[PDB]
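S.K.: Build me a model from this:
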Amino acid sequence: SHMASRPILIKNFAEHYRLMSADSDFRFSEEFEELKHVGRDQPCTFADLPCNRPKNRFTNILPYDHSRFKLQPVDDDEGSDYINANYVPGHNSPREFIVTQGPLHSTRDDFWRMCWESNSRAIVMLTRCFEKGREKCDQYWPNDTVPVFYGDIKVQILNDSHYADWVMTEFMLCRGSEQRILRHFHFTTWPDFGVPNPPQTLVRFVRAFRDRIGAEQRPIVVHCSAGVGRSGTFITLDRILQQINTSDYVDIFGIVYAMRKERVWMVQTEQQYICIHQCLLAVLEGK
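M.R.: Numbers count the residues shown, from 1 in each chain. Here you go, the structure:
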């Protein structure tokens, strides 16, 4: 049924791609345009509160109420429960991901509290802190081995591994004698404009991530800067790469539709929407 879904037979994907990208992406552009109002009629009440106003990077990027992540209230604070974040469905769970903005210095304590309260064991970062001299994300994690306290959460690097396009970091998370291990997967190679090119570098990261994390039962935290365009791209990519193992179909459109209902602008540009397709084509063609 084709209002909120366009499944494509994998064996036909290459032709679908060709048809969709023909004539300067006419069909791709048409298809993506269909998603523009999806979700946008939903209230963003708490995001709009005066006490939460300073907690959002962008006035136009706000978590829907029905979907937002709620921090535990702290005695006598308006909005101590608020963070710019939303549960977003994945391959394995309707609440598999929590997607959020790049924390501000103002909000990183909240960010870490969320990681802790969510019981997340994995963060995916799809931005550099600075791009073209603009700050897109606070440096919310230590730059060495000396543990740093963010609110009640103590964070400490156990080790890190650098790669061509990402840095992997293993944190010890401590909180009043309770101890966890969390992994941080940081794609550091996204270009200053456009999408990764060749797209294969992103596939490599998604593959490296999923291979390492496994069938995670707990929420995975995902962010770029606004936590919509790049975050939306990575998730869609991670789903469909799993999907092609157990199905004859892929529904990129249906996936993006569903994400939209849960967080604004999930895959944000038509260029990222076409990019997801290009990554998958690379996979189905043996790169």
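
S.K.: how close does the closest residue to residue 284 other than its chain neighbours sit to residue 253?
M.R.: Spatial nearest neighbour of residue 284, excluding adjacent residues (Cβ to Cβ, 6 or more residues apart in numbering): residue 13 at 5.5 Å. Every residue, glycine included, has its C-beta placed from N, CA and C. Counting by Cβ to Cβ, to the nearest Å, the gap from residue 13 to residue 253 is 13 Å.

S.K.: Run through the strands of this structure in chain order.
M.R.: Under the criterion DSSP state E, strands of the chain are mapped to 8-9, 85-88, 97-100, 122-125, 130-131, 134-135, 148-150, 153-162, 166-175, 178-187, 220-223, 249-250.

S.K.: Remind me what the first one packs against, helices and strands.
M.R.: Taking 3 or more Cβ pairs under 8 Å, 6 or more residues apart in numbering; DSSP states H and E as the contact definition, the neighbouring helices and strands of strand 8-9 are strand 249-250.

S.K.: partner strands of the strand it packs on, parallel or antiparallel?
M.R.: In the sheet, strand 249-250 lines up against strand 8-9 (antiparallel) (DSSP bridges).

S.K.: count of neighbours near the nearest residue to residue 106 once chain neighbours are set aside?
M.R.: Nearest residue to residue 106 in three dimensions, chain neighbours excluded: residue 54, at 6.2 Å (Cβ to Cβ, 6+ apart). Using other Cβ atoms under 10 Å, residue 54 has 10 neighbouring residues.

S.K.: Now do the end-to-end distance for stretch 209-225.
M.R.: Start-to-end span of stretch 209-225 (Cα to Cα, to the nearest Å) is 19 Å.

S.K.: Report the contact partners of residue 85.
M.R.: Neighbour list for residue 85: 63, 68-69, 98-101, 114, 227 [criterion: Cβ atoms under 8 Å, 6 or more residues apart in numbering].

S.K.: typo on my end, residue 247
M.R.: With Cβ under 8 Å, 6+ apart, residue 247 has these contacts: residue 10.

S.K.: quick one: buried residues of the helix with the most length in the chain?
M.R.: Criterion DSSP state H: the longest helix present in the chain is helix 13-33. Neighbour-count burial for helix 13-33, with 16 or more other Cβ atoms under 10 Å as criterion, is recorded at 13, 16-17, 20-21, 25, 28, 31-32.

S.K.: CA atoms of that helix as CSV?
M.R.: The C-alpha coordinates for helix 13-33 follow below in CSV (Å, rounded to 0.1, in the frame of the first residue of the first chain):
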residue,chain,number,x,y,z
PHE,A,13,17.0,-1.8,-7.0
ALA,A,14,19.5,-0.8,-9.7
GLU,A,15,16.7,-0.1,-12.2
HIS,A,16,14.6,1.7,-9.6
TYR,A,17,17.6,3.9,-8.9
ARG,A,18,18.1,4.6,-12.6
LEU,A,19,14.4,5.5,-13.1
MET,A,20,14.4,7.6,-9.9
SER,A,21,17.5,9.6,-10.8
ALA,A,22,16.7,10.1,-14.4
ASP,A,23,16.1,13.6,-15.6
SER,A,24,18.1,15.4,-12.9
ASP,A,25,16.4,13.3,-10.2
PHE,A,26,12.9,14.2,-11.2
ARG,A,27,11.2,11.1,-9.6
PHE,A,28,13.5,11.2,-6.5
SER,A,29,12.7,14.9,-6.0
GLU,A,30,8.9,14.2,-6.4
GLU,A,31,9.1,11.3,-4.0
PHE,A,32,11.0,13.2,-1.4
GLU,A,33,8.6,16.2,-1.7
